[PDB]
Structure formats: structure tokens, C-alpha cells
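Let me begin by handing over the structure; questions about it come next.
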Amino acid sequence: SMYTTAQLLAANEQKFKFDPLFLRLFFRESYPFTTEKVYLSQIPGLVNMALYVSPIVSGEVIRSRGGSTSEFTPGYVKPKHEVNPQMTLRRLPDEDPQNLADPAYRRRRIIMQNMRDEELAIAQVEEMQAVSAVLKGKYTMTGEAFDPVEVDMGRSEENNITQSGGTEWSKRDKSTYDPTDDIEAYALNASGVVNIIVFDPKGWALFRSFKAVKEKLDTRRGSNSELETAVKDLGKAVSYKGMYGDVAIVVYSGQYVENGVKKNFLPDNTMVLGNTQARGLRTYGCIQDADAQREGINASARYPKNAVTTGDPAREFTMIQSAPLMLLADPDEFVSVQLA
Amino acid sequence: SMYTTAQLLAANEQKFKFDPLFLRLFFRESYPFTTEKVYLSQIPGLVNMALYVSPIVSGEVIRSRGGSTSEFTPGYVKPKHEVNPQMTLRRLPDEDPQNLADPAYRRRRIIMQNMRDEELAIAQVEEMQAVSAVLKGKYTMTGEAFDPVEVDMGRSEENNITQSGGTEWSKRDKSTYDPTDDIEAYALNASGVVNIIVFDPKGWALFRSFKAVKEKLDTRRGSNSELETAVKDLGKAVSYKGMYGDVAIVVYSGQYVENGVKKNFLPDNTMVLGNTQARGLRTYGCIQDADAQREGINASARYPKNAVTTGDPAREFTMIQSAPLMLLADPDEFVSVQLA
Amino acid sequence: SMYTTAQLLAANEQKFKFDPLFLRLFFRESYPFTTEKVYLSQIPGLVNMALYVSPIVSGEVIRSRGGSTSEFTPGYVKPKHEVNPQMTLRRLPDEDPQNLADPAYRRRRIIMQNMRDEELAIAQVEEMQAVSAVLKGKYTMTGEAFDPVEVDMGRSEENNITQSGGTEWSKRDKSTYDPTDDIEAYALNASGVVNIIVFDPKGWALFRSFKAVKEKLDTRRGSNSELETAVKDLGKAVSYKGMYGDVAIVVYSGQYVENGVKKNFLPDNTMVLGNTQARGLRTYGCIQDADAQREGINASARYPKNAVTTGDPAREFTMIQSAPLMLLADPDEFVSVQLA
Amino acid sequence: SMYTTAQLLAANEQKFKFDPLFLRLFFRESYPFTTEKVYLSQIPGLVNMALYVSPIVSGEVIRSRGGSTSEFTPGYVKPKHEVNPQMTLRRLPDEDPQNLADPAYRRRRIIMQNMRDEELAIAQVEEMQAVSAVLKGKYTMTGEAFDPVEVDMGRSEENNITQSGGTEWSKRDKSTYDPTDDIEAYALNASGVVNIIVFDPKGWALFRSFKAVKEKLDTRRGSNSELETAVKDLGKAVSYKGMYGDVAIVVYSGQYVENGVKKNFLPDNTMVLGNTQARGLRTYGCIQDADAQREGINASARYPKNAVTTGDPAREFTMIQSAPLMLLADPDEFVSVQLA
């Protein structure tokens, strides 16, 4: 009658493997931990890596109370939906209209439709951490019954650049200026080589407005076959523009909803210099769930559940749990440039 | 014996799956509701979406008499045709000549011919809503015994662009001007990236007249195999021209007829910037039909009926009922440019 | 004894399924009527097409005495040959000479040779109607004891174009001029999109002579595998040149024999813009025939017969009867250009 | 004893399948006549077929006395070879001494080589008529006791062009002149389309010399299976390099000998614009052999014979009889111009 955590994990395989842009490109390692806290010493490498977690008071990061730690408990994300068979279901190919009126068949379809919405809600929380770690080397962590704190990965000052004092590309003459030298100087602050630049819509329009960029950029398709197939199913909000020399140009127009407001993952005039082989870690803390522990599921990135509430009245619901801790092993691998 | 709703839904699957261009590309999600009202709050992914429905008096939209809502009862389309045995059947290949004389074999094909003409009549209504929603973020909804109203889903003023005052492509130099800058500038108003542009015939003739487009457009077959597969059976009115950079170029020449007057879906000199992964919703209100309810068919996008009329038992008719409400989850995913 | 109509229909099925070019590509629907008269209102989707029939006197069309009609009785084509065992038989592969001495074997073989030639005579009449319907939107109908009339399908004047006043491709610079812009301008007159162009030999050589065409035309085999399959067995008079972007280029050098004189289907310097998904109808009036009525064959496109002339000194013959009426549902789907 | 007609046919099973190229490509219809005269009226599809026969004396054609005829007696050829002598054998590898002891095997091998040589010699007479039919539209045939005459099939003069002035490919500048426009202009004189051109080592080397030919040719095998099947049957080989757009480029290495001269099939290559679906007829006047009429062989393309005469031991011989008359239904389907 109730889907077990193992049954839901096997059904959500396709939706879980679908990763947003920044997670898919720069976070290619996953480390579920059997303990509630995440111990960075147990990850291969990263012997001296620490996380300076600072508590947030009054919406302002209070760094004086913060301290460096290699052990941390991530906040718990618990998207849940009540199971109502009378709710609308997305029509699937070759569905039987008479089955779609069976309340038992609609309950089966509602649970998996809820598993889709709950999965991408957790994937949004992971991508918010993913893009903020690349943009700033730090992000704000929230969670259920969790006081929001800032997780800092220790990015150098030189890796966060803002164009000012005449270096604004908007004030440069688009006809005769070549942004190559500026990008070369930005890329030197990166720990490794830079072979990809992720723009926002506005920053890309400014970047491509230069005549030297139009003449140099290879817009033809197949310029980077490895990257084009990695971003193929992300065409809704990701655009591969081409190769700018040995650097691949990508535009990220993704959005996330937070407190009922649509926000952009990338602020206006954003230019992120990075490496496709950068090391990002998807570490997950263990969520002690009685149903999961009884099924032998100790460490997992997702804890799907299909159960009823104990209180009266008994209402069936679905839920997926996760304790994500998206981290960059080397935050200086990226050079985040705020264009102006 | 009269054909039931479940049987006709089974035979119409081949014709019903044939979707017109805009419905097929941008409206890839169907949501039939179990109630007469369509509730936007139970559609996955929508966070407090509302429409503005204004009454239309004498062909004029009166927005002062309109109001916002998240629930709406769509107008019912009911294409009905009397089963006329005098209709000449299309001779099928390898068709047995003894079957041609059987009146039961003929009435089956005559009903299927009615089901075909009735399905494309509803598909024209849905495609009209779909095309007008992509062009203006709103459309006029009709229906059987239904006063016309304007269903507005809200498009920003910046996503509707008209070339004038020196920016019209017809007055540009076809040998030196590069429309690439205009497309990139127009694409900034989209919520996500742009990977497809749908032209009308005249807008395509103007766009490809530029020599910079002839040198850049990749017209080779297989340049965008996924899009070519989707528009393959639409060769009568849809033409895939190729890849213009990272953006595919499609020409839509579909047209409907009213009182013998041929009318195109897309106006003259129309350029629609959009995304192949854009989220359009095919919502349907439940049509409470006694025959459908008895067969356990509650929610459906089509309600085919084969019944006899009440005035004269000698008259037998067929009918397909539907309550379409084509909506765009984000009308700003598209940028409708009126070329000049 | 005498071969029945059903036996003759089964033997001639392969020869009947073999269609000339314009019938095979543009007239993919057949509608045999059980009544001697063809009723346009009984055909699905012919609300927007009207027939204007004018009489012909001294080979000159008189439109002033012509009028519209929704009902039509086509002329009767009745190719007949007498069966004489003196005819020389085509030596088939693996044929047995012991059968050649059998009088019944030679009788069957000669009847089949007559059925082949008689089918070609009717297929020529249909292709004549098909070619002229595509070229002009009208054709001249003949028949036994049938006064010739012009069947006009009401093509717009904009869809018949003649190059004149500097527009002639022959007066253009073959080294620098691009005929693409002219073709795109011509295609704007079509109801839908244009994905096929049918040239005559002379008009193709003029279109081939431009250097911009030699660089743009993809002549590789397999460029349009579905169209190459359709014209594979027509290699005598049909040549597939390749894909001109998204438009297939076909050359038609077919000839029809009228009054013992071979005549080309297409006039010199002919360029026909069209669509492979265009709706062409092969309507056939009923022919009351005793041998066809014996098998319950009321409506048919062919009426084969093997009978002996009663009242005359022992004359055995064969005959196939037909009342063809080829129609274009929308003659504006084609743009017929008379090059110069 | 003497070998049955079926016994030599089982030996000439695969040997009669092999056929010279021009007969294999353009003469797929065999019409063996039961009368000594051939009657072109008794062949289906021939629209008033006539042959202009002219008597030839002292090596010159007198067309003043000739007249168009529909009937014609083909000259009969009967190559014969004596059987069962002690003549020096033919060298064939992988032959053991076990077959040197049986005198019947050597006699058996003598019949096969004679049947092959006689079947070849008649096949050469037909190819002389065939090659000359598509090259000149007229030919002179020989006979056992026949009076030589010219057989003119009415080839149009326009299909027999002669290069003069600047049309010579040697006078034209190499790599500055495209042979396409010549081949397309010469093809306008053909009745249908041209999908094959025949070459030879001398003229194909001139055609492959142009740089523009190298890129447009498809050297990969599998382009035309029927064409590659003909190149494989010949051990000494007769090859074609591949497709040339829609036209096939074939090279013929076969040669013949007429009387005492070793005149070639065609000088250099000229231009052989042909169609693989062109209609050519293999018309055979019947040869009256008493043993053939006794076996029921009234009309046949080949009259094979294995009989014995007189002597002690009696003289044995083999003979294949045929009265071939190779004709082109439409000689204007080919264009032959003198090329240098």
C-alpha cells in the first residue's frame, strides 16, 4: 500500500540524475556520509580544508562569532505534498482514460508526480549553493528548524573582481576595444587553467557587443562536442555560444523560486571564469529516518518517503529528505567578475 | 449499436496526437481537470499564477469589467456533424471490395471521417489560443453558448517589440547589415535563453535576404535532428531552415479559413524568439457528460460522442467535446517582434 | 474462358499501383463515387474549392459560356484491344517454352499485355490532368463521345508567374546572381511552405547554370531518402537532383503520347514550386458495367473487362474503363513559374 | 549419348545470364517472334514503329532506294564447332589427371567451351547492334547468307552533335571551365532524363582529369547495386568509379572485331548520355530447325544444337542459332556527340 524508501529511490533514478548547470559541470563527485555531521577529513584529499561557518543575525553575516570547522551538520530540506488523487495529473503517453478515473490509479500517479516536484525542489537548493560557491566562495545555508548560517570556503580577494575606475566594459568603445587582455588578467587569478566562461544574459550581450569578440568567437555548432552534449537537455536556460579561443562561452539564464519570488541564479552582468575539470563535492549528511534505517538505507543523497501522519485525521503524504553540503575543494579555481 | 466514448477515444489517438506547430513545440504538458473549473494552483511548478479575464462587448475588450482569477471555466467547443451515408469514402490501398458494400463498414469509416474533421476543429481552436498566447500573451476565448472573453496571462511590454524609427530590417542594407545584434538584443527580454525563432513566410523572406544570414545560417539537414523529427509530419505548412548560430530557424505558414477567407496564424513580418523547452500548459476543464461519466471517463481533453438526436430518431450525429485553456507558464519566455 | 473483372483487377494491381510523377507525389487520395456523378460536397474538406467549367469550341476555351458547378460527370476513357494469339510475347525470366505452345497460356499472356498498355493509357490521362492542374490550376478534359471542357480549380493569378521585364534568369549574370531571393519571393504566393521544385529539362539547366546554385545544392544521394524512394522506379523521365536547402529539386522530362505524337508534360523553362504534402484528389465517377456489377464492384478507378463482341464475327477483346477527375483541394499550394 | 537440350541449358544456365553492358543496361525486353519476319506492330508499346532500311553496296549506303518498313527478316547467325576430336585442349587451372583418362569428360568439356564460344559470338553480334544503336541510331548487320543492309531507327540529328569552335575540352581552359554545363546542355536533346554516362579508359581519363570532377564523384561502393553487379561478372572487369550526382559514370573495357578489322566500339569516348531505364527491344526472328520444332521450340532467342552427322566414328558438332535484331524504341533517349 505504501511505497518503501527503496522502491521510491529506484523510481526516482532518472529525475535524480538530471542535474542543473553548475552542479553538472563543476560538482562531479558525490559523498554521502553515514553520520549526521559531514567530516571533510574522510574525503580523499582535502587534508587541510576547513569551513568557516558564521551565524547570521538580523539578515547580516556575523563573522566574529564564526569559527573554522571540518565537521558540520547541513540543514535538512523536506519538501512534502499531501496525496490527493483528485488533483490534476500530467497526461503521459498512452494513458488509459478509464484508469485515470480510478482513485487507486490516480494515487499512484500523484505520488510519482509529487516525487518529481520534491526532487527538483531539493535540486534547486543544491544549485543555489552550487552557483553561490562559484560566484563568491560562500553561501547561506537554510533548513527545517535550522538557523541560517553562512558557509565560507575561503576564496581569495583577487578571485572576486568588480569592474570599476574606468575598467567598465560598458564604457569601453565597442568598435576598437578587445576584451582579450582583461580576460587574460582575470584568468591568472584562477588556480588552474580557464577553459569556460559562464555569462548571464546581460553580461553576454555586453561581451559580444565588441567587434573583436564577434570576429574571434566561433559560433558554429560542434565547436565543443563534449560540452554541447553535457548541456543539451538544459536548453531552456543554458545556451552554448561557442569557443572564444580555447575558452568555451556559456550563458546561464536559470531561475529559482524563493519565498514566492522568481530570482536569477546569476546577477546582472556576471562573468564567471572557471575550469570544466574543477573539483566540487556533493557531500550529504545522514538523515536518521526510521523507515530508511529499517530498510538499511543509512547514507543517501535522497530520503523519499510515502507514509501517513500519526495525528487525527490520518493523511497520506509524500516527502523527499536531504542534507546537502555543496562544496568547492578549491574556490580559487573560479574567477568571478562583476561586469559594469 | 452506437459507438461509446471509450471506443472513439481509442480510435482517435492517431489523429489526436497530430499536434499543430505551436502546440507541439511550446505546449508539451497537458493537465485535464476532474472539475469543471481549471485551478492553476494545483498545476506543478506554478507559484500563485493568475489570469485576467475581461469581457468583450461588441468585439471590444472591456478590461474595466474584468478581474483576476486562478480558477476559470473554459468555453466548450462542440464540433458536431450528422452521420451522412452519402459521404464518399476514401479508397484505401488493398481494401477489400466486399467490405465496401457493408453499411456497418461504411458507417464506421464515415464516423472516423467525422472524428477526424471534429478533432482538427478543436486543434484549430487550441492552436489559435497557443499562437495568440505566444504572440501577445493573451487571446480571445470562444465556445458553444459562451460569451467571448479575453484570457490574459500577462506579458511584459518589453517582450513585444515593433521595428520602427530606423530599426526596420526592410530599410537596412541587405549586403552589409548583420541582424545578429538585433536578435541578441531582442533575446535579452526573454526569461530564459533563446534557441528557436519562428518566422512567417514574409518575415523569413526578409530575414534571409541579408547576405550575413546566408553566410551564417547552417541549412544542412541533420543540423537539429530533434527539431526536424518534431516538424517532419508538418511539411505542409512548417519549414525548418537551419541553425542560425545557437538558434534554430523555423517558418510557420499554417492558416485557417473563416467564411472562405484564408487567415494565417502568424501575421505578416512576424519573428517570434522562443525556446524549444518553454513551458506551455494544455489545461482542460471537465465536461460532465452522462455517457462519459457512465463509462468512467471523468477528466479528458476530448469527449467524443456518437449518439442520436432528440428531435428525429432517424438522424444520427457524432461529436467531440473539449474545454481547452491553453496557457503559458511564463509568457516572457518568448519575445514577439513585429518586423518592418 | 473469359476472365472476370475481379481476376483482371488482381492481375493488374501492380501496374495500377505504379503511378506517374505528379500523381504519385501530389494526388495521394482516391475517391471513387458509387454514383455516375461526382459530388464535391460529399468529399471531406472541399468547402474552399470550386470548379469553373467552360466549353471549348475550335480548340479555344470560351469562359463567357462557362459556369461554376459542384457536381460533375467526367469523361470516359476506354482503351480497348482485341486479343489475337499472333501477338509476340515478352520473354520473361525463367519462362518455360512448353507453356508457349499452350493456346491458353498465350491467351492469358496477351490479355495481360493489353491490360498493361490499357492501364498506361488511363494513367496518361490522369497524369495529363495532374500536370496541368499543378501547372495552371486548370486542365482540358476529354473522353469518348465527350465534348472537351476546361475544368478550372480557381488558382489565384499571383500563383502563375512569368519572368519578364528584366526578371528573366537567362538575362542574369550566371557567375554572380543568386536565384534564391527570386524563389523565396515566388514561394510567398503559396498557401503553405515550399519543399519541392519540379523543373523541366530546359528550366533545370538554366537554374543549374548559376554558380550560387552549384555551391548551395546538395546533390549527394540520400539527401532526401523518402523522396528518392518515391521516384526510384521513375528513373526514365524523373531525376532527383538534390536538396536546395530545405527544398528538394526534381526534374521532370516525362512525355505523353497523344494522336501518335510524343509531347512533353512540362513546357520549356518550367519551374513549379510545390509541397510534397499537398492534397490532391483522384475522383472517379461510377461506370455502370455488367461485368463489374457481377462482382459487386460499384465504385472503382478501373473497370477491366475481357469479353467477346456479340453480333460480330467472333472478336475477343479487352478493355479498362475509367472516369477520372483529378482535383487539387488548394491549387494555391503551388506556384508555377514560367522561366524566361 | 548426345547431350539433351536441357543438359546444355543447365550448363549455359549461368552463362546465358551474363550479357554485354549496353545490352544489359538498355535492352531488358526480349521479343522472340514465331515468324521468320519480325513485326514491330506485334510488340506492345510501339507507337507506329518503323525502320528505314537502306541497301549497302561497295561500302556505301544508298538511301534513295530505301523505304520505311515495319517488318524485317533478321540475318541468322549459326556459329558451329566440331566436337570430340583429339585437338589440343584449353588451359584451365586446378585440373587433375583423373579427368585426363575419361574421353567422355574431354568431350563434355569441348561442348561447354564451344557452347560458351558460340553463346559469346552471338552475344557479340547483338552488342555490335546495341552499341551502334545508342551511338549512331543506325547499324549494319551481317548474316550467314544474308545481304547486308543498314537498319536506321530514326535517330534525331540533334542527338548527334559535333564539337566545333571552342566546344573542344582541350581548347577550353582546364579548371576554369565546368563540364557540367556541357553535359546538361547535351542532355536537353534526350527524350527523358540522363542518369548514366558510359566511358572507357581513354575518355574517362580525360573526364577524371578535371579538378571539379574529383569532388563531385562518389567513389564509395554500394551506390548502384545493379551497376556494381555488372562490373563484378567480368573477370577482366569493366568498372565504374561511382555516382556523379544523379548520373552514373561507367567505363567499358569490352572490345570486338568486325570482319578483318579490329575497330573499336566507339572512338575515344565521345559522349554517351544514356538512361538505365531506356526501352530497348531484343527482337529475334525465328530460326526453323527441324529438331527445334520437334522439341516445341518455335520462337527462341537462342537455338542450341548438339547433333552428329556421318563418318566412322561419326562427326559430332555443336551449334547455337539466332536471328537477333536489337532495336531502341526511342533512339532519342541517347545523345552522342564527337568529343575531343
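Order of writing sets the chain letters: A, B, C and D. Residues in each chain are counted from 1.
Just so we're on the same page, a contact is a pair of C-beta atoms (placed from the backbone, for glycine too) under 8 Å apart; a residue touches a chain by one contact, two chains touch by 3 or more.
Computed centre separation for the pair chain A/chain D is 76 angstrom, with centres defined by C-alpha atoms. If you average the Cα atoms of chain A and of chain B, the two centres end up 35 Å apart. Between chain B and chain D the centroid-to-centroid distance comes to 62 Å (mean Cα coordinates, whole Å). Chain-to-chain contact here is organised linearly: an open path runs through the chains from one end to the other. Shown are all chain pairs that touch, namely A-B, B-C, C-D.
Taken in their complex, chain C has these residues touching chain D: 86-91, 97-98, 100-101, 113-114, 116-117, 120, 201-202, 204-205, 208-209, 214, 219-221, 235-242, 251, 253-255, 257, 260, 262. For chain C in complex with chain B, the residues that touch the partner chain are 6, 17, 29-34, 39, 42-45, 47-48, 178, 180-181, 184-185, 187-188, 190-195, 218, 223, 243, 245-246, 275-278, 295-301, 333.
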